[PDB]
Each structure stands twice: as structure tokens, then as C-alpha cells.
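Here is the structure we will look at.
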Amino acid sequence: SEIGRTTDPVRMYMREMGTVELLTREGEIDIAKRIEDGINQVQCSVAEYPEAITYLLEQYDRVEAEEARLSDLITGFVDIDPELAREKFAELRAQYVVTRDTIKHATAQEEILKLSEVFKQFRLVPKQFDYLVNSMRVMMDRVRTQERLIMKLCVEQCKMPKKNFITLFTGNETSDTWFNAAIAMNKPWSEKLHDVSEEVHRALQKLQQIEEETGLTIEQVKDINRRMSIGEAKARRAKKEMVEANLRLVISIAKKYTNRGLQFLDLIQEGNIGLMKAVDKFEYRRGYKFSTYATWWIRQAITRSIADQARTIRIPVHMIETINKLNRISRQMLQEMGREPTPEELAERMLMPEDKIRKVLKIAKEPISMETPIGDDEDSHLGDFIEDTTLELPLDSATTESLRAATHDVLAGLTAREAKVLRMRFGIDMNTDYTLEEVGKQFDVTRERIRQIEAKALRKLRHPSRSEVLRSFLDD
Amino acid sequence: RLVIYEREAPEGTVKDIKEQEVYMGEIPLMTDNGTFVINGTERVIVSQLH
Amino acid sequence: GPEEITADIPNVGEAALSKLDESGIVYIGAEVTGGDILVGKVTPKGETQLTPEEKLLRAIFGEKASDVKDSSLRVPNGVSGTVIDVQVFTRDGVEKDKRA
Amino acid sequence: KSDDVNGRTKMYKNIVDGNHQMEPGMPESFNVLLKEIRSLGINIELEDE
Amino acid sequence: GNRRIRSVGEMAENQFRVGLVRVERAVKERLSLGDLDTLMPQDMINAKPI
DNA sequence: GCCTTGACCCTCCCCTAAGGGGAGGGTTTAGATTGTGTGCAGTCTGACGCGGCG
């Protein structure tokens, strides 16, 4: 056994990946058949709940007047043109209505099963079928969460036996007939929850609407949903066997992308995501091999992840493709001319203007490491030569402080009103500068008078008696 | 010379040959005095005792 | 915007532009010393974000702020030589000045 | 002289004012060190009592 | 007698052979594709690795 | 001089009709393909922790 011998996650992955053998042309077909039988079982278990079929026939009468098209409702039929769907929808509606009234109780299990097997014929688009199964999951999980809030409160009270709290709770479904039997033992635990016997009502009386909103029994709903779970675990275990058998295909494709910015296991994992999508989308009834379809999705995922995350500064996919196209045009022009082309002629063989190609050539460059050795030494690196350009020079800070002092000096040599409106008009020793109207309203004076005051104060400061300190803070 | 053999023969004889001149790289030339001008500056490739 | 080789440099007197030709490049044969401008160049800048004190300073003396900053090539300090050669390499699509 | 960023401009202004006194703070590379040890899973901290 | 001189004309040849195998893998990869009857040799030669 | 007043004036931002141009983002793509692929190294010397033998 090779366990504990290597550190490489590539070797560990290849080691655990090679323990699944490749499928034949026949192995892919019956794995795909297992997937489609799992999904068919999920659908025939969905058919027991009626409102999903009601929503689907709502969708069809919306297709009738074209609020939508049935090309988005069904992908085809198995025993898309819109005339056969009329036949199948009519025969399905004639089944749903003939099931709706027949309620009894042994007779009620003939029509539901034949409607299930006649609803099996519709191979829906994934969106509608997923909507139906998620709708049923929400119905069953809210019903289930009040089902276990029934026991949530029973744990809120005291010690919790529910080994035999389930004895006659099954089947009554209308009232507290099962609830009265709990105090019939008169053990202390059977005390507690009973004084909460009123507060429990709106849980199991909210059942009062839902058993009138679903039509079928609590365990009937729960068990068609557990049959849905069995069907989807069959379809999910069969999808896992098709992904696990085809990981060599992903490595086979991913080895051709190995040095474009992403590492080999990164490419393998992105291609594995593409392969899982391919398994979800594959159709074996087209007669093609799984490799033929799956290569498209694996290559899509790998190239998309290279466009997404191979670069520090991310370039969008449209510019990534412009760069790739420019590069292969440059390769052709370098081969056919023996000389690296200039952007002028590189813009004439391409369809693009020259100023567009110049920025495309300036746009595709990867950052240098600041641990790059300069001089190819190991003592001085590129980061040692890069300067903080946001630092204020200490002579500039000292000039700023001297200028604050000088304007403080000249503003002390003005009237208190003029120095105030001139410290307020500008942001001097305030956090914000003000407009003529704000300075005026603070003084309860007009805008134009404040303009006059500040213009006069500026004219005073223009005189060389008050200006020779400040004129030193100017340049050529 | 791209020489194409056909599929099935005990000899594998040629369908055709497409022979032409490809440009693979430029080789830096040594000057009359044993130096190379590389990115404008004269360089010396020191010999190696290995 | 593009940087511009020019003899029209802000905050630099006519004395420091004495040995630059009309293209802003030093003459060949010019005896220069440290700090002398060899090639005059200005970089376009913006958003000067004036401090309130220097904002008042420019309100009193009415001096506009430069939209460009002096980015010239100067002689290194302590170095005093003679300009013996000037080469101008211009890109295709850029217009050659009188010196080029 | 090297890393105290606020203290070195104060020192320049103090030299220009004829006051040869320093107000030294923390070197900036010690703050870089503290932030780089915390970028490991390690809580390094100045006990400010 | 155990230490040997390797000079520019040999080190350059070794690096050229390195570039030649870097292009050889891509030429062997391109020939495995079925585009084989319409391409010239200068379409499968990439001068940039060399 | 202090203070209003009515008339002007500035820049800046958003709007016009009928789309053009482009950036940046999604999606699928069905002959068949099913395990990467590089080096490199002329260090020595302590010193510590551990499988494995006794």
C-alpha cells in the first residue's frame, strides 16, 4: 500500500483516481439509463401530488395563448413540434380530471397509479421539473418542521420519550384523539406538555388548512417524498459513477493547458466541474459516446477558468480573446515575414484600428514579483528600489506649517469680521469652506455684502505691507 | 519537409512532400572580436569549467 | 494624457531654459552642470486639491495653478560636462519635432 | 532617522526651528512585523498597561 | 583531465536544442490531428519558443 | 463707510431622436479522444526524533 509515502496531492489524486476503471460504449449507456430511471422514479413519485400537475397544466394553457412556449416546458416525448403535445396534454388532463373526483378507500389507488405511469411519458425541461421537486421539498419541509416542532415543545417541557408517542398519532390527523392517550399513563412527563395542550393547537390545526390543501394523508405525502428521495439518490449515485469513470478524460484534456497561469490540479478541478455539467447534460439516445459531448464542457470549464483566474489583474473574456487572436496573427506574420510585425501592419491584417491594437498590446502584461533579484543577486530585490510616492517631503510639511503661521499672522492683521469671513470663505482652521450665502446667513447678512467684505479684505492683503511674507510662498 | 505517408502499405510510401523554409528564431551573431550585442550592449559569454 | 517634450516649463525661469532649443532639448556643445535642464518635459496632472491656506494664497495674488508638472531631464548633481550627442527616437504616429 | 514616519517629519521641523529634540514613536517596520505575524494564525499584541 | 571547458558555441547549441525539443512536442502534437493534408510546415512551427 | 437690490453672469449637470458602438457578462458547442512530466545535484556539520534490532 502506498498510503503515507508521498506528499504530492497530484500523486494522491491520480492514485485514488485510477482505482475506477473506464466504461465501455455499453457501460455509459446503462449508467445513463440508470440516471434516467432515477429521474423517472422521482417524476412518478411527484405525480402522486396533484398541484404540481395543476401548475404544469397552467403552464400549458399559458403556452396555448403564448405567454410562453412549450419548447421551454418539455424537451420531447418518449414512447419538439407543438402538435403531439396537444394530444398528450389532452389525454393527461382527461386523466387528472377523472382522478380528481374518485376518492373511495381502496379504489383511490388505481387512478393515482395509472396517472403516475401516464405522466411518466413527459420528459420535461430541467427547469420545470426542478421547480416541481423543489416546490414539493418546501411543502414537505414546512410540514416536517411543524411536525418536529410538535416534539420541539415536548422537549421544551421535560424528559422526552417519543418511542411510543407515535402509537396512534398515525392516522387520526384531525384532532387530539392521539393527544389524550398520553396523559392516560399519568407518568410525570405526561403532565408537562398537557398544560401546553392549548398552545400546540395552531401547529396541528395549521394542518387544518394543509390537509385540505394537499388532499392526501400525512404519511402518503411523506412516503411519496421518501420515494422521491430514493429516486434522486439512485440518479445521484449513477451520476457519481459516470463522473468517477471519466476523470481520466479530464486529465487528458487538462494536460494541454498546463502552463497558462493555472496549476495542473486547478485545471483538473475546473475540468471536473465541467465534466459534472456534461454528465448532467448528456443524452445517450443520440448514439454518440460520452467523450464526444463531455470534451466540450471540460474544455469550456478549463478555458473559462483560465480566462477568469490565471492573471493577477483580471482581463475580461472578450479582451482575453482579442489578445489570443492578436497573438496568433502575430505568429502567422512572424512566420510569413521572418520579422516581428509592427502594430501598423498588425492592424491591417487584423480588422482593427491601430490605436486599439496599441492598447491591446499594452493591456496584456503580468506583474513582476517584487522579490525579483535585481542584478540576479540574492541581496537586492526589485522591492528595494520602489519608492513611496505618496509621502510628503519634510520641506513641504515645514512649508505648509510656515504658510499656516504666515496666514495666521496676516489674518490677525485684519478686522475680526473680515478675518472671520475670510477664514470662513476658505477652509482656514475649519473643516469645510463656505459659500457667500452660508457666511451671510450666519451673519444674517446678504450674499453680496459678504462678497464685498471678502473682496475688500483681499485688496487689503494685496498691499505689500501685508503681502511680503506670503509672496515668498509663490514660485515662477 | 512535411512528408505524408499513406495509410496501408508494407512500405508506407509517400503521398506527397510539402517542402518549404520556416523561420525559427534569430541567432545572436558574434562580432569580429568575440562579443555579442544583446539589447544594444556588448556582452561576453564566459567559458565554463565544469 | 501624453507627456510633452517642450521648452515651456512651469516654475522655471528664462535663465534655466537658456541652452534649450525651440523643441526643449539642449544644444550640442552646451557646457552644462548639475541641475541644468537637458530635455524639458512636462507631465499632465490634475486634482491639485489645494490646502485652504494656499487656496487663500492664490486668491490674494491671483496666480493660476499649473495643469502640468515639470518632469524634465536634468544633469545629475555634481556632474558637469559637455553635450556631445543627442538622439531622438520617435514612435510611429507621433509627429517629429523640429529637433528630430 | 529611518522608520518613524510621524517622528521624522517632526524631527525635521524641530531641526529647522533650532530645537534639537526628538519625539520618537514606533518604527513602521515593527507595525509591519506585527501585521505579518497576525497574517499567520498568531495573535501578537502590545500589552498597553 | 576531469574538468572540461564548455564555451559559447556549445552552451548556445544546448539551449537551441532545448528550444528545439520545446517546439518538437508541439509539432508531434499537431501532426496527430487530422488537418494533415492542407497545412504547410510553417503552420506547425512556432518560432517564439526557439 | 455698512447694507440691500435687482439684474446679470459663470460653470456644471442633465436632457433632447433614434439608435451606434462597445464593454462585460452569460449560455452552449453531440464523430472520438480517458494517468503529468519537469528537473537537479561538487554543503558540511551539528543536532533532534524515530524505526528497528537486541
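Atom set for the values below is all heavy atoms of this structure, side chains included, hydrogens, waters and symmetry mates excluded. So you know, we letter chains A, B, ... as the sequences are listed, proteins then strands, and number each from 1.
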What is the first contacted nucleotide of DNA chain F and what is the last, in 5' to 3' order, if contact means an atom lying under 4.0 angstrom from a heavy atom of chain A?
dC2(F) to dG37(F)

Could you tell me if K234(A) and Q41(A) have a donor-acceptor pair between their side chains, going purely by distance under 3.5 Å?
no

Looking at residues at least two apart in the chain, or sitting in another chain, which of them share a side-chain contact (heavy atoms from CB on, under 4.5 Å) with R451(A)?
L436(A), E448(A), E454(A)

Can you list everything that forms a side-chain contact (heavy atoms from CB on, under 4.5 Å) with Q300(A)? Sequence neighbours excluded, please.
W297(A), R304(A)

Are the six-membered rings on the bases of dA30(F) and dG31(F) close enough and parallel enough to be called stacked, with the limits being 5.5 Å between centres and 30° between planes?
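Pair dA30(F), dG31(F) comes out not stacked.
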
Report whether the bases of the adjacent nucleotides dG35(F) and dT34(F) stack, using ring-centre distance under 5.5 Å and plane angle under 30°.
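Stacking does not hold for this pair.
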
Please look at the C1'-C2'-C3'-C4' dihedral of [N] and say whether its sugar is north or south.
N: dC15(F); value: north
N: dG19(F); value: south
N: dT45(F); value: south
N: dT27(F); value: north
N: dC10(F); value: north

Where along residues 284-297 of chain A does a heavy atom fall under 4.0 Å from DNA chain F?
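Heavy-atom cutoff 4.0 Å gives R286(A), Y288(A), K289(A), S291(A), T292(A), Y293(A), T295(A), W296(A), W297(A).
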
Looking at every strand, decide which applies to [X] at a 4.0 Å heavy-atom threshold: base, sugar-phosphate, or nothing.
X: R451(A); value: nothing
X: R22(E); value: nothing
X: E28(A); value: base
X: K256(A); value: nothing
X: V250(A); value: nothing

Partner set under salt bridge (charged side-chain N to carboxylate O under 4.0 Å, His left out) for [X], not counting sequence neighbours:
X: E438(A); answer: none
X: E24(E); answer: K28(E)
X: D376(A); answer: none
X: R3(E); answer: none

Assess whether a salt bridge exists between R11(A) and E2(A), defined as any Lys/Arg side-chain N lying under 4.0 Å from an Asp/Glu carboxylate O.
no

Under 3.5 Å donor-acceptor pairs involving side-chain atoms of residues 256-267 of chain A, not counting sequence neighbours:
from	atom 1	to	atom 2	distance (Å)
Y257(A)	OH	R299(A)	NE	3.1

Mapping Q452(A) and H50(B) onto DNA chain F by nearest heavy atom, which one lands closer to the 5' end?
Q452(A)

Both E418(A) and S252(A) contact DNA chain F. Which one's nearest nucleotide lies toward the 5' end?
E418(A)

Report the secondary structure of DNA chain F in dot-bracket form, marking unpaired bases with a dot and bases paired to a different strand with |, and treating Watson-Crick or G-U pairs with both distances under 3.5 Å as paired.
......................................................

Quick one: list whatever passes ring pair (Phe, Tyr, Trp, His ring centres under 6.0 Å) with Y288(A), sequence neighbours left out.
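So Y288(A) forms no ring pair (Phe, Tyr, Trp, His ring centres under 6.0 Å) with any residue.
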
Show your reasoning for whether side chain to side chain donor-acceptor pair (under 3.5 Å) applies to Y293(A) and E283(A).
CA-CA 9 Å; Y293(A) 190 52; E283(A) 287 167 5; over 6 Å; no

What donor-acceptor contacts under 3.5 angstrom involve side-chain atoms of residues 23-33 of chain A, with partners at least two apart or in another chain?
from	atom 1	to	atom 2	distance (Å)
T24(A)	OG1	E26(A)	N	2.8
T24(A)	OG1	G27(A)	N	3.0
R25(A)	NH2	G287(A)	O	2.3
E28(A)	OE1	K289(A)	NZ	3.1
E28(A)	OE1	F290(A)	N	3.3
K33(A)	NZ	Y284(A)	OH	2.6

